[PDB]
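Q: before the rest arrives, take these chain(s) from the complex:
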Amino acid sequence: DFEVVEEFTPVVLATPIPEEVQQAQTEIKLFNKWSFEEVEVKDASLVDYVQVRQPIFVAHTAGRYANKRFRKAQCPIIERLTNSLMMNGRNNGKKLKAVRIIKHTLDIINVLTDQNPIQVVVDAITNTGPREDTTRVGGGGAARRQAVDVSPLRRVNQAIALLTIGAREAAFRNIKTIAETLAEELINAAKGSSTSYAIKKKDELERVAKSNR
């Protein structure tokens, strides 16, 4: 048929480079394990806000996303998960610890549910983000709520927030750690099991909006 030759000598270097590292020059995988192609966002209106189309090697892109309004809609969603994981007074700044426990939770997500953990966390985002909410229409403070819709950036924000703080309180004083509780949370949120803090909170917010619609 037709084939292109574009290297003309088997490439060998003087510094020995590991075989999986030099295998990573044909496709960029997260932590050299998890592929970014065939990772779709199975809910439209959240594609163009959960970003999985520039593959990365680690969740530590030091780029600047907090100086325009919707610029954090194209931080990769693994890194948005990581950044939302490193928040409380105890664990502020510790992005390498957050990256390391994201690596551990994607390994154990894959070893429990034998599928792509990036696809699992993307399904967890698109199942967790609430599609309706209530504002408090004031009237000076008349305690009545009015149901509003909710924009997709707010849905991705509140999805990552619900998932991460659900993993924190689920790891609060049990035997499991943050990596294992976050793995359980992301798996249950991906399949949508109503056993997770995150989609129970989504179902409560959507049900209250349905109530005082």
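A: Here it is on my side, so go on. Numbering: from 1, shown residues only, chains lettered A, B, ... in the order given.

Q: contacts and neighbour counts: CA atoms only from here.
A: Noted.

Q: which residues sit in contact with residue A:99?
A: Residue A:99 is in contact with A:58, A:59, A:60, A:82, counting by CA atoms under 8 Å, 6 or more residues apart in numbering.

Q: Shouldn't residue A:135 be within a strand?
A: Yes - counting by DSSP: H, G, I helix; E, B strand; the rest coil, residue A:135 is found in a strand.

Q: So what pairs up with it in the strands?
A: For residue A:135, the beta-bridge partners under DSSP bridges are residue A:146.

Q: Please apply the same query to residue A:29.
A: Bridge pairing for residue A:29 (DSSP bridges) gives the partners residue A:35.

Q: Near it, how many residues? Count them for me, please.
A: Counted by other CA atoms under 10 Å, the residues lying close to residue A:29 total 17.

Q: Kindly provide the distance from it to residue A:175.
A: 31 Å (CA to CA, to the nearest Å).

Q: now the contacts of residue A:99 as a markdown table including secondary structure, distance to residue A:46 and neighbour count?
A: Below are those laid out as a markdown table (DSSP: H, G, I helix; E, B strand; the rest coil; distance: CA to CA, whole Å; neighbours: other CA atoms under 10 Å):
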| residue | secondary structure | distance to residue A:46 | neighbour count |
| --- | --- | --- | --- |
| A:58 | coil | 23 | 16 |
| A:59 | coil | 20 | 24 |
| A:60 | coil | 23 | 17 |
| A:82 | helix | 19 | 24 |
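
Q: how about the residues you listed in CSV, adding distance to residue A:158?
A: Putting the contacts of residue A:99 into CSV (distance: CA to CA, whole Å) gives the following:
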residue, distance to residue A:158
A:58, 23
A:59, 20
A:60, 21
A:82, 14
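
Q: Look at residue A:140 and tell me its secondary structure.
A: Going by three-state DSSP: residue A:140 is coil.

Q: Phi, psi for it please.
A: phi 80, psi -10 (degrees, to the nearest 10).

Q: Please apply the same query to residue A:168.
A: In terms of degrees, to the nearest 10, the main-chain angles of residue A:168 are phi -60, psi -50.

Q: Report the separation between it and residue A:43.
A: Look at residue A:168 and residue A:43: by CA to CA, they are 26 Å apart.

Q: build in chain B:
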Amino acid sequence: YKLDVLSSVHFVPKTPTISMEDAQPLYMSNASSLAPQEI
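A: Once chain B is put in with the chains from before, the structure reads:
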């Protein structure tokens, strides 16, 4: 003219009835080009 022609890079060049008024604007056949407010 002479101080800014030597303070520059690129080159700068320099009775009968009428001097023909070679330079003159306003003309696409305009006569009353004043504003209605001006009038």
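
Q: which residues sit in contact with residue A:29?
A: A:35, A:36, A:55, A:56, A:57 (CA atoms under 8 Å, 6 or more residues apart in numbering or on different chains).

Q: Now render these as CSV, adding neighbour count.
A: Shown next, in CSV, are the contacts of residue A:29 (neighbours: other CA atoms under 10 Å in any protein chain shown):
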residue, neighbour count
A:35, 18
A:36, 19
A:55, 16
A:56, 19
A:57, 14
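
Q: so how far is residue A:109 from residue A:180?
A: 9 Å.

Q: So between those two, which is more surrounded?
A: residue A:109 (25 against 20; other CA atoms under 10 Å in any protein chain shown).

Q: Dump the contacts of residue A:29 to TSV, plus distance to residue A:152.
A: Listed next are the contacts of residue A:29 as TSV, based on distance: CA to CA, whole Å:
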residue	distance to residue A:152
A:35	25
A:36	22
A:55	22
A:56	23
A:57	26
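
Q: which of the residues you listed lies closest to residue B:30?
A: Residue B:30 lies nearest to residue A:55 out of those, by CA to CA, at 65.2 Å.

Q: give the contact list for the closest one.
A: Here residue A:55 is in contact with A:28, A:29, A:30, A:36 (CA under 8 Å, 6+ apart).

Q: Helix or strand for the residue positioned nearest the centre of chain B, just tell me which one.
A: Residue closest to the mean C-alpha point of chain B, counted by CA atoms, centre = their mean, is residue B:23 at 5.1 Å. Using DSSP states H and E, residue B:23 sits within no helix or strand.

Q: if we can go back for a sec, between the contacts of residue A:29, which is closest to residue A:131?
A: Of all the contacts of residue A:29, residue A:131 sits closest to residue A:36, with 26.2 Å by CA to CA.

Q: Next, work out how far apart the closest residue to that closest one other than its chain neighbours and residue A:29 are.
A: Nearest non-adjacent residue to residue A:36, counting by CA to CA, 6 or more residues apart in numbering or on different chains: residue A:55, 5.9 Å away. Taking CA to CA as the measure, residue A:55 falls 7 Å from residue A:29.

Q: then add chain C to what we have above:
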Amino acid sequence: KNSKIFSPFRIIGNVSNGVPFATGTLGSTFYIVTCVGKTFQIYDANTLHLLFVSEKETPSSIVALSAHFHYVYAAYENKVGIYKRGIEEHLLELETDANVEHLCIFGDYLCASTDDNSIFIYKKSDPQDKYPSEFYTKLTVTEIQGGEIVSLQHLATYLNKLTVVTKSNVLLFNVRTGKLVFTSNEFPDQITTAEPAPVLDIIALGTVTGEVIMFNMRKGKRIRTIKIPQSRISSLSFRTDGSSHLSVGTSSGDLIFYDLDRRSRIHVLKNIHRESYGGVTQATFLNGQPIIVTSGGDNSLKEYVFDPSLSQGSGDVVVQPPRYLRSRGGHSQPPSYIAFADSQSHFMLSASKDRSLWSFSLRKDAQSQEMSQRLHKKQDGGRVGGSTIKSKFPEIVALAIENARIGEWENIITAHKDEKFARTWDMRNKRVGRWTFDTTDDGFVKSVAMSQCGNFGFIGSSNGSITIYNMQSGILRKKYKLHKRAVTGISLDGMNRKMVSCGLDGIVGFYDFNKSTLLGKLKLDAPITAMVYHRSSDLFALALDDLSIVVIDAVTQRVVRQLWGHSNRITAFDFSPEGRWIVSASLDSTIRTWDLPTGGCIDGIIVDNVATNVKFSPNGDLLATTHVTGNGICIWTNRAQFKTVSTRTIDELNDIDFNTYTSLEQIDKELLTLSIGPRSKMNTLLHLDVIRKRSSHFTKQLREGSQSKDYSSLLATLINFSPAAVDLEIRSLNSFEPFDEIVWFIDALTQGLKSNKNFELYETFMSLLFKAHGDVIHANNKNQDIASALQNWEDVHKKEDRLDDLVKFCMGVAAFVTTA
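A: Just below you will find chain C, in place on the chains above:
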């Protein structure tokens, strides 16, 4: 066959062909007139500049040419032409059918020897005119008196005599009395050349064995003899600046210099010209000067100079050898490949079978220069191979020049005969480059190309594999393997985005270039021999083996034209620079032009030599063809750059044949139509008072139209004349007692704008009427004739709001669609 697109202009790159040239002397300067086939060319001997080229090609080859002061005498098939400044002044028809093949000019006499050993003398009419013109007598050298006439000369101070040098004898004729004065003794070997010495009544004879005789034409003896064993002598010249040297010229290409005073041999210039092309054909000293001009049959004309002697007291015995001075030259073999170097049609690259790449100038023949083959240094520092005895590269199959990055790096990429790598060249430096691109499959290079970014060169091997190298750094970038038989054409888009290859298995492959994919593959019905990509219109043409030319576009990958008509193998073809025509040339001795819009053959030329190369200029100026015989490049100019040619097919809606459409005057009688004229005439008419402040036949035709009730001639005169005339005719219209001329003008304008033509002018004529003397119409308002004339004018004019709401719709909807 005469053509109707291209007309012959010149045949460039030619300097000599081995007819012995003539020298001539205007004042104290010298010119050198050399024959190039059927034209001669005059050169300025102080700098070898081309002064003149003869104006018309002679009907056969020029075979003997001489030059007195202003005039050049060129003898071809039967007749002698007398030329001044190229333009022919006279033509002397001889009364024979024998071919004239020698001539001399002295006095009032021109003497021309034919090849049946007859001599024709021609005389001036009155000794003040410029050239010999009338027939005088005929002389004959019969077999008793001498052999074949081998030269015809007049050695000086011989009152109307002629030295005729036959192959064995030397005769001396008196050309007024027609007599044979003196016939010498015989010579034991056949003499080939003669030259008169600057010594009085001495001629010098050169034989077919190796000896120069110095015959004394008054004593009848020979003065001395010079022996050059096993060398046929083809030239003789004498030095005339106080140094008695002789220069003999030998048909193995040697120029030997003798001192006659002290009988020694000064120097030998060996291999001054090629023996295979004739050796040194004419060598002559410019007289009084130490410079000698040689010329050979290898299309070359050189000058050699004697420097003054290096010993400050002896001099005459220490003779410094002759050194080289200026020279002009071209190809010694017919060229094999042709390209244009730039878009200006100034230089053209040209490769020949004598293994040289020349760069010939179309503007000034002094600028023609041989691209040098002196190799660079190796990049790492290792040794380069090759023979020590340096020879030229194998003769060039193909080349591709793309001067986008010219002067920056290597610029020409060329492919040679039966060798597996393609060299590069630099046109700016005019030299070879540092890189030779290999094919990497042990196959010869069948095609080359290069992109118009100038970064990439493409090699197409005979084992079907395209390799893409970088022209700057010389290394393999990519390698496509689609074909299995030889790849004969590679080209690429003007945006470096899609490449197109064609092999002689008859598949055209279409590849994306940035991505390394293929976009498609199209199987034709013959092996493809040559591709030409027209790059602006993205249409490439293939010369198939079934003697058709398939024109196919690269965007949608379809065969879009197929041109039939050639009877043998298509040697070459090329697109017009506008991409409208394609000119092909093939081994049925023909050149055709195809209008690929209509798909037919516009013009055909039957040319006697087969045209092996055809190239258009990158502007529409010139066609350059290259034939099987002839060392030069034939140059044609397209007459369709100055006129327009009909795209109507030859063998063996005139506006659509001349590609025009004269727009018809009005499309429909119910359609408004402006004037055929400038748009500004309405504004000039409406505001010519303020414009200038910022700066009768009519009455007779109006009356006659009021009689006949048809104002067509009136309105024709109105649309004809100028705005000052229009204002001055409308302003004087008898607005006083019965008001006839006003109402005749008004219903003339009514008859006018009933016809829906020139209607903006009829509108301004009504505006000029109301402006000039609408006050009298307002004065005798309710007058019956003028009120009825205005009534029917409004009756026709009220149907003009079609234009109003039409432009209202177009303006409103165009604004809405553009903004929102």
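
Q: so, the neighbour count of residue A:29 revisited with chain C in the model?
A: Using other CA under 10 Å, residue A:29 has 17 neighbouring residues.

Q: show me where the chain has helices.
A: The chain I'm using is chain A. For chain A, helices defined by DSSP state H occupy the ranges A:19-23, A:77-85, A:95-112, A:117-128, A:152-170, A:178-191, A:197-211.

Q: My question was about chain C, not that one.
A: Assigned by DSSP H, chain C shows helices spanning C:654-657, C:681-686, C:688-694, C:697-708, C:712-720, C:723-730, C:741-753, C:759-779, C:784-797, C:801-819.

Q: of all those helices, which lies closest to chain B?
A: The closest of the helices of chain C to chain B is helix C:688-694. By CA to the nearest CA, the value is 5.3 Å.

Q: do the closest one and chain B meet?
A: Yes - judged by CA under 8 Å from any CA of the partner chain, helix C:688-694 comes into contact with chain B at C:690, C:691, C:694.

Q: circling back to that earlier point, okay, the helices of chain A in JSON lines with distance to residue C:518 next?
A: JSON lines is the format used below for the helices of chain A (distance: least, CA to CA, whole Å):
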{"stretch": "helix A:19-23", "distance to residue C:518": "26"}
{"stretch": "helix A:77-85", "distance to residue C:518": "36"}
{"stretch": "helix A:95-112", "distance to residue C:518": "38"}
{"stretch": "helix A:117-128", "distance to residue C:518": "33"}
{"stretch": "helix A:152-170", "distance to residue C:518": "41"}
{"stretch": "helix A:178-191", "distance to residue C:518": "41"}
{"stretch": "helix A:197-211", "distance to residue C:518": "49"}
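
Q: Out of the helices of chain C, which is the most enclosed?
A: helix C:741-753 (a mean of 22; mean count of other CA atoms under 10 Å in any protein chain shown).

Q: how deep is residue A:69 tucked in, by neighbour count?
A: Residues lying near residue A:69 (other CA under 10 Å) number 8.

Q: next one: the one 5 residues further on
A: In terms of burial, residue A:74 registers 16 neighbours under the definition other CA under 10 Å.

Q: residue contacts, it?
A: Counting by CA under 8 Å, 6+ apart, residue A:74 touches A:48, A:49, A:50, A:51.
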